[PDB]
Amino acid sequence: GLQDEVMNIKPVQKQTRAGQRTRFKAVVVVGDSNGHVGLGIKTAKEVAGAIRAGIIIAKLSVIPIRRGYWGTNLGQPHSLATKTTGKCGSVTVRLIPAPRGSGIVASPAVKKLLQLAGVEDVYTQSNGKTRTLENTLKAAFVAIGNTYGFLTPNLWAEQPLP
RNA sequence: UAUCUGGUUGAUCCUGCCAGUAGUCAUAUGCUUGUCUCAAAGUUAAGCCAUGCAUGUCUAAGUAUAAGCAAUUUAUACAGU
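Per the authors' numbering, residue 75 is the first one in the first sequence, and the count goes up by one each step.
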């Protein structure tokens with residue numbers, strides 16, 4: 075089921091005549107919890123506009139992930155596949171699958187990517203600068219997925235000819 | 001298996017130093033001061049030290065205080081070898 079969960083805003087000050095106006099740069103993470111996530115950021119005048127702008131554009135940039143059973147475990151049960159590192163600016167996000175019962179251990183940016191992907195038991199690490207709007211979230215989205223980042227290892231054999 | 005924030009700007013992103021968040025100490029100081037168990041308690045002048053105490057024990061190593069000889073002390077059923 076599609077869950078919209080809001081991360082944060084910054085109040086973006088623009089200098090204009092007589093005084094400043096505001097604009098809001100909103101971050102909303104979409105996900106299914108079965109095995110899809112969604113990245114969306116856009117701006118607007120008000121907070122009420124910016125949230126809706128981040129909601130809709132996240133449903134374009136939908137990423138499948140290999141988690142869960144189809145029949146047999148084609149995705150890893152309640153965890154990520156392998157480990158993946160990924161840079162995006164002066165920012166790195168690193169990942170590791172955990173055993174079951176651990177729960178979702180992560181930074182508050184990457185946490186709502188993982189739980190809305192359905193990924194329960196993981197440890198998650200960032201290093202360096204953490205710039206939450208842009209860099210860590212972009213880095214985590216290119217690290218977590220199937221189209222980006224992870225491969226399972228079944229699809230690795232399916233793609234060549236046996 | 002490792003999550004950073006604030007301060008150089010009109011604003012932004014880097015570089016970079018500083019300040020703060022944590023855990024710890026034979027502890028010390030301000031303040032308040034109600035208990036217990038366990039553990040610890042001169043880091044400075046290996047500086048100068050009063051007084052009392054920290055090193056003794058055996059008579060089971062011997063003559064063997066009879067036979068013979070001064071004085072004093074202790075023990076007993078009687079000898080007290």
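Every residue gets a Cβ at the ideal spot worked out from N, C-alpha and C, and that includes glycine.
If you drop the 5 nearest sequence neighbours on each side, which residues of the same chain put their C-beta closer than 7 Å to that of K84? Locating residue 84 in the first sequence gives position 10, where the first residue counts as 1. Excluding sequence neighbours, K84 sits near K99, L207.
For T158, which residues in the same chain have their Cβ closer than 7 Å to its Cβ, ignoring the five residues on either side in sequence? On the first sequence, position 84 is the one that residue 158 refers to. Closer than 7 Å at Cβ, skipping near neighbours: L169, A217, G223, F224.
Rounded to whole angstroms, what's the CA-CA distance from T221 to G105? Just pull it up for me. The residue labelled residue 221 in the question sits at position 147 within the first sequence. The residue labelled residue 105 in the question sits at position 31 within the first sequence. Spanning the alpha carbons of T221 and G105 requires a straight line of approximately 16 Å.
Going by C-alpha distance, which of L211, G219, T226, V102 is nearest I131? Taking the first sequence and counting its residues from 1, one reaches residue 131 at position 57. For the residues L211, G219, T226, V102, the minimum Cα distance to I131 belongs to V102.
Express the C-alpha separation of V196 and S181 in angstroms, rounding to a whole number. Within the first sequence, the letter at position 107 stands for residue 181. Within the first sequence, the letter at position 122 stands for residue 196. Distance between the alpha carbons of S181 and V196 is about 12 Å.
How big is the Cα-Cα spacing for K116 and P236? On the first sequence, position 42 is the one that residue 116 refers to. On the first sequence, position 162 is the one that residue 236 refers to. Their backbone Cα atoms lie some 45 Å apart in a straight line.
Which parts of the segment 149-200 are runs of the beta strand (DSSP E), unbroken and 3 residues or longer, counting only runs that do not cross its ends? For the beta strand (DSSP E) assignment, the uninterrupted runs of no fewer than 3 residues enclosed by the segment 149-200 are, from N- to C-terminal side, 159-161, 165-171.
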